[PDB]
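# Inside the fold
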Amino acid sequence: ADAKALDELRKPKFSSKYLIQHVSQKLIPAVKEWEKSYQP
Amino acid sequence: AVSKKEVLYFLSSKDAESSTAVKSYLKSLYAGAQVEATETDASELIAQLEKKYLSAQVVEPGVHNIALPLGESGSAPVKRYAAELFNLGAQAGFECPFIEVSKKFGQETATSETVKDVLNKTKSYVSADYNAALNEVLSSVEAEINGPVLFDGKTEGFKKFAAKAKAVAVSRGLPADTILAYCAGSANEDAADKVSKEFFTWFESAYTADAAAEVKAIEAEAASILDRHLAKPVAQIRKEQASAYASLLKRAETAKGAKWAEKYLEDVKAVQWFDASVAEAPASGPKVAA
Amino acid sequence: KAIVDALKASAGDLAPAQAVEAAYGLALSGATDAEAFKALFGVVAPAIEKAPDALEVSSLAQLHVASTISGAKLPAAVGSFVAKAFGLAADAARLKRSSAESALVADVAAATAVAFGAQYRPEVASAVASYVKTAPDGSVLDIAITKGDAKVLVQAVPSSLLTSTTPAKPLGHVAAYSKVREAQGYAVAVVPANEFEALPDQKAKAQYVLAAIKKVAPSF
Amino acid sequence: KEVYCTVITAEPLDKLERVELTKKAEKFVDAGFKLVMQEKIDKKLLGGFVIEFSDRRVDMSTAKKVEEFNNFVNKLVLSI
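So, here is what we can say about the structure in this document. (Residues numbered from 1 in each chain as written, not as in the entry; some residues may be left out. Chains lettered and ligands numbered in written order. Part of a larger assembly, values for the part shown. Heavy atoms only, no water.)

Its location among the elements puts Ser-13 of chain B in the loop between α1 (6–9) and α2 (16–30). Using a relative accessible area of 3% as the deciding quantity, one classes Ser-13 of chain B as buried. Within the local environment of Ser-13 of chain B, its side chain forms a polar contact with the side chain of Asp-15 of chain B, the two groups lying 2.3 Å apart. Side chain to side chain, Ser-13 of chain B and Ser-18 of chain B meet in a polar contact 3.2 Å long. Once you skip the residues sitting within four places of it in the chain, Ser-13 of chain B turns out to touch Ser-18, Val-58 and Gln-91 of chain B together with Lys-96 of chain C. (Helix = DSSP H or I, 4+ residues; strand = E, 2+ residues; numbered from the N terminus. Buried < 20%, exposed > 50% of the residue type's maximum accessible area, 1.4 Å probe, protein only. Polar contact = N/O pair within 3.5 Å; in protein donor to acceptor, adjacent residues only side chain to side chain. Contact = heavy atoms within 4.5 Å.)

Moving on to the interface of chain A and chain D. Contact residues are listed per partner, giving eleven residues for chain A and 13 residues for chain D. Interface area for chain A against chain D, summed over the two sides, is near 1,100 Å², with a carbon-plus-sulfur share of 75%. Scanning the region where chain A abuts chain D turns up zero salt bridges. Linking chain A to chain D there are zero residue pairs in polar contact. The class makeup of the residues in the side of chain A that touches chain D is seven nonpolar, two polar and two charged. (Buried area = accessible area lost by both parts, 1.4 Å probe. Salt bridge = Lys/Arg side-chain N within 4 Å of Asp/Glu carboxyl O. Nonpolar A, V, L, I, M, F, W, Y, C, P; charged D, E, K, R; others polar.)

Attention now goes to a nonpolar patch on the surface. On the surface, a cluster of nonpolar side chains totalling about 220 Å² of accessible area is made up of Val-101, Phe-105 and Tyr-125 of chain B. What makes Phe-105 of chain B partly exposed here is its relative accessible area of 30%. (Patch = residues over 30% accessible without salt bridge, like charges linked within 9 Å, V, L, I, M, F, W, Y side chains within 5 Å. Areas by Shrake-Rupley, 256 points an atom, 1.4 Å probe, with all protein chains shown as cover.)

Considering all chains together, one arrives at 24 aromatic pairs over all chains under this definition. Ring geometry for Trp-34 of chain A and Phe-72 of chain D: centres 5.6 Å apart, planes at 15°, overall stacked. Taken together, the residues span two chains, with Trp-34 of chain A in helix α1 (residues 19–35) and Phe-72 of chain D in helix α2 (residues 62–79). Residue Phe-72 of chain D is classed as partly exposed on the basis of its relative accessible area, which comes to 24%. Considering the side-chain rings of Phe-98 of chain B and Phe-199 of chain B, the 5.3 Å spacing of their centres and the 90° angle between planes classify their relative orientation as edge-to-face. (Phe/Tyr/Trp six-rings, centres within 6.5 Å; stacked < 30°, edge-to-face > 60°.)

Looking now at the packing of helix α2 (residues 16–28) of chain C against helix α4 (residues 57–69) of chain C. Residues and elements named next belong to chain C. Contact pair α2 / α4: the axes reach a minimum separation of 8 Å and the direction vectors enclose 40°. As judged from the angle between their axes, α2 and α4 are oblique. In terms of crossing hand, the pair formed by α2 and α4 is left-handed. Facing α2, whose interface residues are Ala-17, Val-20, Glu-21, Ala-23, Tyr-24, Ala-27 and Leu-28, α4 presents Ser-59, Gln-62, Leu-63, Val-65, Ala-66 and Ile-69. Here the contact of α2 with α4 is built from residues that sort into ten nonpolar, two polar and one charged. (Axes fitted to C-alpha atoms, helices over the stretch in contact; angles between N-to-C directions. Parallel < 35°, antiparallel > 145°, perpendicular 65-115°, else oblique. Left-handed = near helix turned anticlockwise from the far one by under 90°.)

As a further point, take the interface of chain B and chain A. Contact with chain B, which involves 32 residues of that partner, is made by 29 residues of chain A. Of the roughly 3,000 Å² buried where chain B meets chain A, counting both sides, 66% is carbon and sulfur surface. Counting the surface chain B buries against chain A, the share from its top three residues, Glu-17, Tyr-53 and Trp-273 of chain B, is 19%. Close ionic contact of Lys-32 of chain A with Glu-50 of chain B constitutes a salt bridge, the shortest N to O distance being 3.8 Å.

Okay, the environment of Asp-117 of chain B next. Relative to the elements of secondary structure, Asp-117 of chain B occurs in helix α6 (residues 115–121). In sequence terms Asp-117 of chain B and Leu-150 of chain B are 33 residues apart; their C-alpha atoms lie 9.5 Å from each other.

All names here are of chain C. All told, the structure shown has 26 salt bridges over all chains when counted by the stated rule. Between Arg-94 and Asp-142 there is a salt bridge; the shortest N-O distance is 3.1 Å. Taken together, the positions of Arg-94 in helix α5 (residues 76–95) and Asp-142 in the loop between α7 (121–128) and β1 (144–147) put the pair 48 residues apart, joining distant regions of the chain. What makes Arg-94 partly exposed here is its relative accessible area of 26%. Residue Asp-142 is classed as buried on the basis of its relative accessible area, which comes to 16%. In this structure, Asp-137 and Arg-181 form a salt bridge, with 3.4 Å as the shortest nitrogen-oxygen distance. In this pair, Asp-137 is assigned in the loop between α7 and β1 and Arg-181 in helix α8 (residues 173–182), connecting sequence segments 44 residues apart. With a relative accessible area of 11%, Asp-137 lands in the buried category. On the basis of relative accessible area, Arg-181 is assigned to the buried category, the value being 0%. Shared partners join several salt bridges into a network, and the residues in it are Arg-94, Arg-97, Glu-101 and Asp-142.

Right, let's get into the pairing of strand β5 (residues 49–52) of chain D. Residues and elements named next belong to chain D. The sheet contact formed by strand β2 (residues 6–9) and β5 spans four bridges and is antiparallel. Within β5, the position partnered with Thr-6 by the bridge is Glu-52. Examined bridge by bridge, β5 and strand β6 (residues 57–59) share three bridges and lie antiparallel to one another. When the bridges of β6 are listed, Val-50 appears paired with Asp-59. Hairpin remark: β5 followed by β6, antiparallel, with four residues in the connecting loop; positive phi at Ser-54, about 65°. (Pairing = 2+ DSSP bridges.)

How two helices pack is summed up by the angle between their axes together with the distance between the axes. Orientation of α1 of chain A relative to helix α3 (residues 44–63) of chain B, taken along the N-to-C sense of each, is 175°, at an axis distance of 10 Å. Judged on the interaxial angle alone, α3 of chain B and α1 of chain A are roughly antiparallel. Contacts between α1 of chain A and α3 of chain B involve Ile-20, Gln-21, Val-23, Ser-24, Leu-27, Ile-28, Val-31, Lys-32 and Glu-35 of chain A from the first element and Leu-45, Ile-46, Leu-49, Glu-50, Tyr-53, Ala-56 and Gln-57 of chain B from the second. Of the residues belonging to the contact of α1 of chain A with α3 of chain B, the class tally is ten nonpolar, three polar and three charged.

Laid out in structure tokens, this is it:
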């Protein structure tokens, strides 16, 4: 309950870090298959 | 979890939720787990895009851990703020800002053979008051030679412009005779040391003059946000901020299963823990277990 | 020989992160005194077994250097874990590479393709993509060449690992990176950039690379 | 039964770089037609080649690859 920790109380809360991670988990595996299937 | 490339960026990082998953990954390797192979592929367009979106996961908690020195007297809170952003960029995989923006110039103008083109491809990275002050000096040299000034340098028509654009740089306030001698150096290390100490005198006066302009804009933004907010009645304020809080919780609760929205609402619970642990003992603050 | 004899008895006054950089600096300085490495690893190996997450991976990789060069063995739970933490701390030096080292490593990998014979541009660049074998601890080696079972690693050390004076010889950590791969089966040919980029043309850069491989592995 | 075309590259070609390009462009003509060649240099291309077939153009330069790379990345990040 109370008296959580220190190493997880040092977390900055409403930073992005996971909307950034949501893009890179849906941009990087979606652009890996773009240049392996790429013809002009 | 980490995908073996995020954990390599979070080794040198020092923010809390990245140091929590590294210490969880380091505890697994002690318990007989095999480290996976680092991927020997993903060509230079994909690799610099992974660097862009992995440095952004080290920068973004690190920016929120750096207190802005708003409304402080002196340069040392501004130099603390710039030094915290330097060590954040060094942990996120960036080099010095001098090395990282000069790499940006040589990347933007790899194919530009005329000096009018380097003033038109590096327009986003140089000041528009300094892009204009080098376009007027360009046309004063473009009128004399009656020809496009080429981006070669050993042409004598180049240093017709380069000795005139150096006069602009000292007019703007930056010693270009000191900056050029730092990136070229000298033979002896004793005379390279006194041009180093005159370069970093400019450099420390450059980022502190740039961090303070970033602070003086946050000071001016919060002052115009507050004076717009102090002109309302309180009942308008209480229902405008309860509407924006409710519009942003339903933005996070309609998206479920996403890692960002689950961790968003876990932080809404962690703010409510902070307000509950202060109400138990307000003279001591939040209860930290030790 | 008095600094290392001071560590034989007073290796209980040191923190476990302080005892790593003592033994790492002894293994880099060529210490044979195993009574120090018996004492210095008596600080760290209980502390890693106490909490493995306490030391950072930059300090855990210095323990894999120290337990390899003087050879003083760690526990099997610790030494297997610390060797895995050298693969992690080597890729973080490779992912966050200075990009003038990347401009150098891709230049040394090209000049080691010219030395093994490639006079055209599609046959130079087809070779440098084959030199990127994975190290056995999980890492990535940028120039890893194999002829049968004899492996030669070419390591480039730009300026950050060179001494800042006028002789400009490489610092002690490049011998750490050599002798750990050398215990993994490689013949490390170290090429410094104060010497490599002083050459005027690409085939002269190839003969300095090939002189560095023949000096280390004479069959190549 | 030839095909007149001109190839613009970034650097002057090697004799293995030419034979590697020639069988790569010979599937852009739908026969056993030997496209003869013509070499041109433009280092505004960041490596690669363009084949000016005088009716059609195939842009396999990397300067068009990195420019079509960024346009694909800038469209996913506006949707994701």
